[PDB]
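2 protein chains.
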Amino acid sequence: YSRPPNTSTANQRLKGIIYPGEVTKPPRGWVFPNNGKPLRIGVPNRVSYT
Amino acid sequence: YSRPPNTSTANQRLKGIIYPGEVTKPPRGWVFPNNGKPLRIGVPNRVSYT
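In order, the protein sequence lines correspond to chains B and D.
Take the first sequence: its letter number 39 is residue 494 in the authors' numbering, and every next letter is one higher.
Take the second sequence: its letter number 42 is residue 497 in the authors' numbering, and every next letter is one higher.
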């Protein structure tokens, strides 16, 4: 509190955190959903070199 | 206790440990001593291409 506000990425620093599942690498947030919409892979209807 | 003794390097596993100095990489044990003996660097007494 007795300093200027130091804004550095090497200032914002925490200890090691334990996530659910006892992993310590921070898990990737995204997981592809299982809703009514699937992954609409477009595929070229190919004539030459099939 | 109700298992066979499982001896694997992936069995011997601990959590994250905090060392003195608030480091978490396990520090190297060796530090060269400051006794009465210094590091006796041998150096070739060189004649050609000095």
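Each residue gets a CB set at the ideal place from its N, CA and C atoms; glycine is no exception.
Taking 8 Å as the threshold (beta carbon to beta carbon), is residue i in contact with chain B?
i	result
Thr462(D)	no
Express the C-alpha separation of residue j and residue i in angstroms, rounding to a whole number.
i	j	result
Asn500(B)	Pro493(B)	20 Å
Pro481(B)	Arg458(B)	31 Å
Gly471(D)	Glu477(B)	11 Å
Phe487(D)	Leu469(D)	29 Å
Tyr474(B)	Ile496(B)	34 Å
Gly484(B)	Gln467(B)	21 Å
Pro460(B)	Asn489(D)	42 Å
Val502(B)	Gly491(B)	32 Å
List, in chain order, every chain D residue whose beta-carbon is nearer than 7 Å to that of residue i.
i	result
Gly471(B)	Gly471, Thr479
Beta-carbon of residue i versus every beta-carbon of chain C: anything under 8 Å?
i	result
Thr464(B)	Here chain C cannot be found, since the structure's protein chains are B and D.
Please determine whether the Cβ atom of residue i lies at a distance below 7 Å from any heavy atom of the ligand GDP.
i	result
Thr464(D)	No copy of the ligand GDP occurs in the structure displayed, which carries no ligand at all.
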